[PDB]
J.: 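This is the structure, below, for whatever I ask next.
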Amino acid sequence: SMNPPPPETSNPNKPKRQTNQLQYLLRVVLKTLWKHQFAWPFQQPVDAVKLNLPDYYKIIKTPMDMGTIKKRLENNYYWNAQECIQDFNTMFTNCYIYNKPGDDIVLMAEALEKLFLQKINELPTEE
Ligand SMILES: CC[C@@H]1C(=O)N(C)c2cnc(Nc3ccc(C(=O)NC4CCN(C)CC4)cc3OC)nc2N1C1CCCC1
């Protein structure tokens, strides 16, 4: 309140490469998390105006969400799987910083994180 613009998702200046890890992150990791029962609050940027939380972007200076992550993968924005994994981690950490521990939103993030960590453990060897 006001809302910032959403995170950048494309840069045609950035070099691009398709790898088996980035593919997996899109087609497996993002897809499985997106479809989870608890995914819906994490599918787009926090609208702090709509939610009437004017402090949200006073506290969270590195917002991230799965809608942004989806687009960055589509746009070949990431050179490395680690860049993408960091964005997921940022999304979770933001939720943990902003919200009271144990609140339902935190439990929802925790569940998605547990699933994300399981999929990351199965990240294919770079080929
Ligand atoms: C930004 C803080 C935190 C967070 O970290 N994320 C990511 C977040 C992302 N998106 C949402 N979204 C919504 C949250 C609540 C509602 C909603 O309609 N709540 C009803 C209000 C009336 N009540 C009788 C029934 C419940 C709708 C939402 O989006 C349309 N909430 C989030 N929260 C929550 C904000 C309030 C709890 C914590």
Side-chain angles (χ1 to χ4, degrees), residues 1-13 15-49 51-126:
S1 326
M2 275 162 79
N3 289 324
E8 294 168 21
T9 56
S10 176
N11 179 359
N13 249 30
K16 304 155 72 268
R17 81 172 177 169
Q18 302 165 351
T19 74
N20 69 323
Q21 294 181 343
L22 285 171
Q23 177 154 37
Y24 177 87
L25 283 158
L26 182 58
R27 294 290 215 115
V28 174
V29 177
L30 184 289
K31 174 182 285 137
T32 300
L33 288 203
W34 194 275
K35 292 171 167 200
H36 194 276
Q37 190 200 331
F38 300 157
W40 67 265
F42 301 101
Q43 289 171 348
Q44 55 290 308
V46 171
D47 192 334
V49 169
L51 300 175
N52 192 25
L53 296 170
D55 73 341
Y56 185 84
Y57 291 108
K58 295 181 179 65
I59 296 158
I60 301 299
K61 303 294 186 199
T62 311
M64 193 41 62
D65 61 282
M66 295 201 294
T68 294
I69 291 166
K70 184 175 178 292
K71 289 181 189 186
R72 287 176 170 202
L73 285 165
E74 290 159 354
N75 303 344
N76 304 115
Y77 182 89
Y78 302 117
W79 182 256
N80 286 302
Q82 188 42 235
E83 291 173 335
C84 179
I85 290 161
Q86 181 51 236
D87 275 352
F88 278 101
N89 283 333
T90 290
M91 183 183 75
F92 299 130
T93 60
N94 290 347
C95 180
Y96 307 155
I97 289 154
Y98 184 76
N99 304 280
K100 178 71 175 157
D103 267 24
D104 290 328
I105 188 79
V106 179
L107 299 170
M108 290 169 86
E110 287 175 352
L112 293 170
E113 188 184 6
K114 199 181 162 300
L115 182 47
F116 170 76
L117 291 172
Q118 292 176 183
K119 294 306 190 196
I120 284 321
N121 288 349
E122 303 190 269
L123 187 77
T125 322
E126 235 179 338

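Residue numbers start at 1 and run along the sequence shown.
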J.: Assess the residue pair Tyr78 and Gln86 against the criterion (side-chain hydrogen bond (donor to acceptor under 3.5 Å, both in side chains)); give the C-alpha distance rounded to whole Å, side-chain angles, the decisive distance to 0.1 Å, and a yes or no.
T.: CA-CA 11 Å; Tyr78 302 117; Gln86 181 51 236; over 6 Å; no
J.: Are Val46 and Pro63 side-chain neighbours, meaning at least one heavy-atom pair lies under 4.5 Å?
T.: no
J.: Do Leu30 and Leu25 have side chains that approach each other closer than 4.5 Å (heavy atoms only, starting at C-beta)?
T.: no
J.: Determine whether more than 12 heavy atoms belonging to other residues, nucleotides or ligands lie under 6.0 Å from atom CD of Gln118.
T.: yes
J.: Please examine the side chains of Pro7 and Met64, heavy atoms only from C-beta on, and report whether any two atoms are closer than 4.5 Å.
T.: yes
J.: How would you list, by chain and number, every residue that makes a side chain to side chain contact (heavy atoms under 4.5 Å, CB included) with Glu122, sequence neighbours excluded?
T.: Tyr24
J.: Rounded to the nearest 0.5 Å, what separates atom CG in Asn89 from atom CE in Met91?
T.: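 Output value for this atom pair is 9.0 Å.
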J.: Under the salt bridge (charged side-chain N to carboxylate O under 4.0 Å, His left out) test, which residues partner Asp87, sequence neighbours left out?
T.: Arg72
J.: Check salt bridge (charged side-chain N to carboxylate O under 4.0 Å, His left out) between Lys70 and all other residues, then give those that pass, not counting sequence neighbours.
T.: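 By the salt bridge (charged side-chain N to carboxylate O under 4.0 Å, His left out) rule, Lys70 matches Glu74.
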J.: So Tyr96 and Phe92, would you call those rings parallel, tilted or perpendicular, with 30° and 60° as cut-offs?
T.: parallel
J.: Verify the neighbour count for atom CG of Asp104: are there more than 12 heavy atoms of other residues, nucleotides or ligands below 6.0 Å?
T.: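 No - once you tally the heavy atoms of other residues, nucleotides and ligands closer than 6.0 Å, there are 12 at most.
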J.: What distance do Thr68 atom OG1 and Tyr77 atom OH have between them, rounded to the nearest 0.5 Å?
T.: 10.0 Å
